[PDB]
Amino acid sequence: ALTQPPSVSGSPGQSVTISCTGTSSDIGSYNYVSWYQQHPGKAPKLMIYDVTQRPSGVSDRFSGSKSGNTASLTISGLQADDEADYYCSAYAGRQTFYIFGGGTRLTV
Amino acid sequence: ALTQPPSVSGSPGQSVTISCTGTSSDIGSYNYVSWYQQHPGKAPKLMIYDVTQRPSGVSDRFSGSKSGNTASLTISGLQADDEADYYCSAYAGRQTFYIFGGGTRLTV
Amino acid sequence: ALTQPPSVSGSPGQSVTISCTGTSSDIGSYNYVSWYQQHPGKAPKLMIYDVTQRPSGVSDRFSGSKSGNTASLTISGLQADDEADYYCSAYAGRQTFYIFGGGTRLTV
Amino acid sequence: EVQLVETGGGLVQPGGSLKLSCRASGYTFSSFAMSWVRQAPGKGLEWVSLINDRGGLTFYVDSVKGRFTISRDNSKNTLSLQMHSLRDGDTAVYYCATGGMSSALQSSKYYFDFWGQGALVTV
Amino acid sequence: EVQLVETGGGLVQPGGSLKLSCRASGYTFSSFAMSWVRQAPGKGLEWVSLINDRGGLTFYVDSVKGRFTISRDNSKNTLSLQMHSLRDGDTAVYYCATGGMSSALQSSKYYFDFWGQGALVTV
Amino acid sequence: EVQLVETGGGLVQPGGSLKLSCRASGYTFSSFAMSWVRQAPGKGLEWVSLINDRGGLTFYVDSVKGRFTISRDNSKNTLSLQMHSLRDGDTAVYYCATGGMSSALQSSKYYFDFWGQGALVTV
Amino acid sequence: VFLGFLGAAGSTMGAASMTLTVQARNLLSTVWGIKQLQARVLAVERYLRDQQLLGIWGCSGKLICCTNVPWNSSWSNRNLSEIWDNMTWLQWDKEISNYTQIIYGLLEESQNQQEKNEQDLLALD
Amino acid sequence: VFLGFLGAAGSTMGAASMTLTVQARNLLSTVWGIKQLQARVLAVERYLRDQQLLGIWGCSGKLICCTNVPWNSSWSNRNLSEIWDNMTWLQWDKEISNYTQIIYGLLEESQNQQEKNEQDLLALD
Amino acid sequence: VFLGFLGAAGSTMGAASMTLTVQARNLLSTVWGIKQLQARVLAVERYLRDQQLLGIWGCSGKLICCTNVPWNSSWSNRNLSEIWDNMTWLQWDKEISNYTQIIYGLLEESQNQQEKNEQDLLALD
Ligand SMILES: *[C@@H]1O[C@H](CO)[C@@H](O)[C@H](O)[C@H]1NC(C)=O
Ligand SMILES: *[C@@H]1O[C@H](CO)[C@@H](O)[C@H](O)[C@H]1NC(C)=O
Ligand SMILES: *[C@@H]1O[C@H](CO)[C@@H](O)[C@H](O)[C@H]1NC(C)=O
Ligand SMILES: *[C@@H]1O[C@H](CO)[C@@H](O)[C@H](O)[C@H]1NC(C)=O
Ligand SMILES: *[C@@H]1O[C@H](CO)[C@@H](O)[C@H](O)[C@H]1NC(C)=O
Ligand SMILES: *[C@@H]1O[C@H](CO)[C@@H](O)[C@H](O)[C@H]1NC(C)=O
Ligand SMILES: *[C@@H]1O[C@H](CO)[C@@H](O)[C@H](O)[C@H]1NC(C)=O
Ligand SMILES: *[C@@H]1O[C@H](CO)[C@@H](O)[C@H](O)[C@H]1NC(C)=O
Ligand SMILES: *[C@@H]1O[C@H](CO)[C@@H](O)[C@H](O)[C@H]1NC(C)=O
C-alpha cells in the first residue's frame with residue numbers, strides 16, 4: 001500500500017499540499033494516480049485522475065502533480081466544503097491492480 | 001496438508017463418522033476426495049474415491065460425503081476388520097497434486 | 001550464493017586445491033563453473049571456464065574439476081604470482097543467472 | 001444523471017455466504033468496467049474486485065481471490081458480488097464504482113469516476 | 001489379479017543414491033498412471049511422485065523435485081524411482097500405486113486404486 | 001588487444017541517479033554479450049546485469065531489476081548502465097565484462113573472458 | 001507418404017487419434033488437363049477451407065485442439081470409454097452428423113472471438 | 001455463410017471489428033472453364049498472400065493481432081473514440097492508404113524477425 | 001518485393017538467416033493460359049505442402065522454429081562456428097541431403113504428436 005499524511009492543516013484563502021509517496025513499481029512505473037474526496041458520511045468522489053487530469057464539474061483549485069515516486073495534491077483557496085477525507089490511489093500492475101493510501105483529514 | 005481426527009471410537013453395530021476438513025482450494029474446489037484403509041502391518045487400500053464413489057468389492061457400509069470444505073467418511077455396522085488407520089486424500093491442483101491427512105485409529 | 005574457503009595456504013612447488021560447493025540447482029544442474037583470479041589492486045581475470053576448460057594464455061598449472069554439487073580448482077607448482085583472490089562462479093538458471101562465491105586468499 | 005444503488009447488505013456470521021448487488025441508471029452500463037471498493041469502519045479504502053465491460057475478465061485482491069466472485073448482467077444493468085466463507089476482516093461498507101479498466105477501443109480508465117451510495121456488511 | 005511388487009529397498013547413508021523399482025502383473029500397465037507414496041514409520045502417508053501412462057509427464061512434491069526422478073518402461077512393466085542426495089527426511093516405506101491422473105481419452109482417475117507391498121528405505 | 005575502459009564513476013547521494021559507461025576496443029563489439037559485475041570494497045564479486053549481443057535481451061539481479069537499466073550501442077562500441085534511486089548497498093567498483101550469454105549461432109559463453117579497469121561508485 | 005493411409009478406420013477412436021498425420025499428409029497433391037487442374041484446384045480450395053475453419057477456432061497448426069466449448073449431452077450422452085475405446089470415427093461421424101453445425105457455430109463465433117477480445121483486453125493491462 | 005456479409009461496412013470500426021469471421025469465411029470459394037479456373041486460382045493465391053503477410057508478422061490464425069510497433073501520429077493523430085466509435089473501416093482505409101506500406105514494413109521485417117531471434121536466444125537460456 | 005532475393009546465397013548461414021522473409025515473400029505469385037495456370041497451381045500446391053510440413057512440426061507461422069529433436073553427430077559432426085560463420089546454406093544442403101528425411105521423420109511424428117498429446121493431458125490437469 002501507499003503512505004499518506006494522517007492529517008493536513010490549512011487556513012482559508014491559502015494553499016495546502018497533501019502527498020502520497022510510493023514504491024518504484026506503482027507510482028514510478030505508471031502515470032495513473034487518482035485522488036478521491038470522501039466527505040464525512042457520504043461516498044467518495046473523483047477529484048483527480050491520471051496524476052494531473054481533472055474531471056468535469058470540479059474547480060481548478062484542485063490540482064495534481066507527481067515527482068519521481070511521489071504524488072502531490074494541491075488545494076488552493078481552501079473553503080469549508082474542502083474539509084474531507086482524501087485518499088490517493090495508484091495502479092500497481094496487472095497482478096495487483098489498485099493500492100490505496102490511508103485517509104487524510106483537512107481542517108479549514 | 002489436511003487435518004483429520006487423531007482417533008475415533010466406535011462400538012459394534014452402530015455407526016461412526018471420520019472427518020477431513022481442508023482449505024477452500026483442495027476440498028472446496030475439486031470433488032476428488034479419496035479415503036484409504038491401512039490395516040496395521042499391511043499396505044493401504046482404496047475405500048472411497050470421488051467423494052461418494054465406491055470401488056467394486058467394498059461393502060456399502062463404507063459411505064462418503066462432503067459439505068463445503070469438509071469431507072466425511074461414515075462406517076455403519078462396525079466390525080472387527082474395520083479397525084485400521086484411515087487417511088483422507090484430496091487433489092489440490094496441478095502445481096501441488098495430492099495432500100494427505102494424518103491417520104485415524106478406529107477401535108471397535 | 002556459493003560457499004568458498006576463506007583462505008587456502010600453500011608452499012612453493014607443491015599443489016593446492018580450492019573448493020566451491022553449491023546447491024543441486026547451480027553446480028549439480030549446469031556444467032558451467034568458472035574460476036577467476038583477482039590480484040590485489042587489479043581487475044579479475046578468467047582462469048577456468050566450463051568446469052575443466054582453460055583460456056588461451058593460461059598455464060596448465062591451473063586445472064578444474066567437479067564432483068556432484070562441488071567444484072574444485074587445483075593449482076600445481078605454486079609461484080609468487082599465484083597469490084591472489086580467487087572466486088568461483090556458477091550459472092544458476094535463466095531467472096537468477098550468475099552466483100559468485102566469497103574470495104579466497106592464497107599465500108605462497 | 002449517473003446513479004448507482006447498492007442493495008443486499010446485512011448481518012452475517014463468520015463463514016456465511018452473502019450476495020451484494022448494485023443497480024445503475026444514467027449511462028450505457030455495457031461500455032464501462034465496474035469495481036467493488038470497501039471501507040472498513042475505522043480504516044481507509046481498499047480495492048476488492050474488478051470486472052470488464054463485457055463481463056469475462058475478473059480480477060480480485062489477493063485476500064479474496066478464491067472466496068469472492070464478481071459478475072455483471074448488461075441487460076439488467078446489475079453488478080453482483082458473491083462472497084462465500086466471510087471471515088472477520090470482511091466487515092466494511094462496500095461501494096460499487098464505475099471504472100478500473102477499459103476496452104482496447106477506448107481510452108485508459110485507470111480510475112473510478114462514479115461511485116455508489118454504499119452498503120454495510122457486518123461479519 | 002493385480003499385483004505390484006516393490007524391490008530395491010536398502011540402507012543408505014545421508015547423501016547417497018538409491019534406485020527403487022516396482023513390478024506389476026495383472027493388467028495393462030501402459031494404460032494407467034503410476035505414483036509413489038511414502039509412509040514414514042511414525043507418521044501418515046505422503047505423495048512423492050506421479051508419472052502418466054505414456055511416461056512423458058512427471059510430477060514431484062516440492063521437497064523432492066530436483067532430487068528424485070520417476071520413470072517407467074511399458075514393455076518391461078516396471079516403474080522406477082531414482083533418488084539422489086537422500087537427506088534424513090526421506091526415511092519411509094515407499095508404495096508404488098496405480099492412479100493419480102489419466103489420459104484425455106479416459107475418465108478421471110484422481111485416486112490410487114491399487115497399491116504395492118511396500119519397500120522400506122532407511123537413510 | 002582487447003581493452004575495456006569504464007568511465008562515469010563518481011560520488012552520489014542516496015537516491016541519486018548515475019550513468020556508468022564502458023568503452024571497448026580490440027574485437028567485434030556486436031558479436032559478444034556484455035555484463036556488469038560489482039565488487040564492494042570489503043566483499044567479493046556480484047553479478048548485476050547482462051545484455052545480449054544485439055541489445056534487446058536484458059537481465060538483472062533481483063535487487064536492481066526495477067532501478068538499473070543496461071543498454072549498448074553497437075555502432076559506438078559503448079555499454080551503459082543507468083542507475084536510478086541508488087541505495088546504500090550499491091557502493092562498489094563496477095566492472096564491464098565480455099560474456100554471459102551468446103547467440104544460437106555461436107557456442108555457449110557462460111563465463112566472463114574479458115574484464116575492464118573498474119569504476120568506483122560511492123553512495 | 002501413402003503408407004498407413006486410412007489404416008485406423010476400423011480401429012477405436014483413440015487408436016485412430018494417433019495416426020492423424022498420415023491422413024493430413026494425404027490431403028494435398030488439353031481438355032483432360034483442365035479437368036485435372038479443376039480437380040487439383042478444388043483439392044487446394046478444400047484444404048484451405050478446412051484450415052480456415054481451424055484458424056477461426058484458435059486451432060491453427062494443430063491436429064488435436066482443445067476448446068472452451070462444453071459438450072452437450074443432447075449431442076451425445078455416451079461415456080468416454082464407449083467413444084474412445086469402443087467406437088470408430090466413422091460411427092461417431094454417423095452419430096453426430098446432425099449436430100456438427102451447432103458445434104461449429106459454438107466454435108466459430110462465440111468461443112474464439114470472445115477469447116480473442118479478452119486476450120486483447122488483457123494485453124492492455 | 002453469406003449472411004451478414006459486409007453488413008458492418010457502415011458501422012463504426014469497433015462495431016465492425018466484431019464480425020470479422022463473416023468476411024473471412026467469404027474470401028474462399030471449355031474456355032469459360034479456364035476463365036473461371038483462373039478466377040478461382042487467383043482467389044486462392046490472394047488468400048495465401050494475405051495469410052503469408054499475417055504469418056510474417058506473428059499473426060497466424062488470428063483475426064485480431066497486437067504487435068510491438070508504436071503508432072506514429074504522422075500516420076494519424078486522431079483520438080481513440082474518433083477512430084473506433086466515430087469512423088468506419090472504409091474511411092479509415094481512405095485516410096491511411098498512403099501510410100500502409102510503412103506500417104507493413106515496420107511489421108514485416110523489424111518487429112517479427114527481431115522478436116523471433118530474441119525468442120530463439122531466450123530458448124537458449 | 002523481389003529486391004534482395006537470394007542475395008545471401010553466398011553469405012554465411014547466420015548472415016543468410018536474417019533475410020528469410022525476402023525469400024518467403026517470393027514463393028507466392030488458350031493453351032498457353034492453361035500451361036501458366038498449371039504452373040501457378042503447382043506453385044500454390046508446393047507452398048501448401050511446405051506450410052503443412054511446418055504445421056505438423058509445431059512450426060506454423062514461424063520462419064525460425066526450434067524443436068525437441070537432438071542433433072545426431074552422424075548427420076553432421078561440425079562445430080557451430082563452422083556451420084553458421086563458415087558455411088552457406090547451399091553447401092549445408094549438399095552435406096545433409098541424404099539425412100533430411102530422417103530429421104523430417106523425427107519431426108513429423110515423434111516429437112510433435114508426443115508433445116501435442118502431452119499438452120492435451122496437461123490441459124486435463
Ligand atoms: C481390429 O479389431 C481387433 C479386435 O476387434 C483388434 O485386435 C485389432 O487391433 C483391430 N485392428 C485394426 C486395424 O483396427
Ligand atoms: C444443450 O442443447 C439443448 C437443446 O437440445 C439446449 O436447450 C441446452 O441449452 C444446451 N445446453 C447447453 C449447456 O448449452
Ligand atoms: C442423424 O441423421 C438423421 C438425418 O437427419 C436424423 O434424423 C437422425 O436422428 C440422426 N441419426 C442418428 C443415428 O443419431
Ligand atoms: C447506422 O447508423 C445509425 C446512427 O448513425 C446506428 O444507429 C445504426 O446502428 C447504424 N447501422 C449500421 C448497420 O451500421
Ligand atoms: C514518425 O514518422 C516521421 C516521419 O513522418 C519520422 O521522422 C519519425 O521518426 C516517426 N516516428 C517514430 C517514433 O518512428
Ligand atoms: C492519401 O492519398 C493521396 C494520394 O497519394 C495523398 O496525396 C493524400 O494526402 C492522402 N489523403 C488523405 C485524405 O489523407
Ligand atoms: C562475400 O564474402 C566476403 C568475404 O569472403 C564478405 O566480406 C562479403 O560480405 C560476402 N558477401 C556476401 C553478399 O555474402
Ligand atoms: C544417430 O544415428 C545412428 C545411426 O547413424 C543411430 O544408431 C543412433 O541411435 C542415432 N542417435 C540418436 C541419439 O538418435
Ligand atoms: C550425400 O549424397 C550422396 C548420394 O547418396 C551420398 O553418397 C554421399 O555420401 C553424401 N555426400 C556428402 C558430401 O555427404
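Residue numbers begin at 1 in each chain, while the letters A, B, ... track the order of the sequences. Counting starts at 1 for both ligands and their atoms, in listed order. No hydrogens, no waters, no symmetry mates; every other heavy atom, side chains included, goes into these values.
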For this session: Return yes if some donor-acceptor pair links the side-chain N/O of F:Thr98 with the main-chain N/O of F:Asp113 below 3.5 Å, else return no.
Result: no
Exercise. Taking H:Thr100 for the side chain and H:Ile96 for the main chain, is one N or O donor matched with an acceptor at less than 3.5 Å?
Worked result: yes
For this session: Write down the atom of H:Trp89, the atom of H:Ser17, and the distance for their closest heavy-atom approach.
Result: NE1-N, 4.2 Å
Problem set entry | Plane angle bin for F:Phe114 and F:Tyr27 - parallel if under 30°, tilted between 30 and 60°, otherwise perpendicular |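 If you compare the ring of F:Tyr27 with that of F:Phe114, the planes turn out tilted.
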Seminar exercise, completed: Distance filter under 4.0 Å, heavy atoms only, around ligand 1 gives G:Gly7, G:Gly10, G:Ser11
Problem set entry | E:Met34 vs E:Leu4, side-chain contact (heavy atoms from CB on, under 4.5 Å): CA-CA, chis, key distance, verdict | CA-CA 11 Å; E:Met34 296 270 317; E:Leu4 308 161; 4.2 Å; yes
Exercise. Mind checking what makes disulfide bond (SG atoms under 2.5 Å apart) contact with I:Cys66, not counting sequence neighbours?
Worked result: none
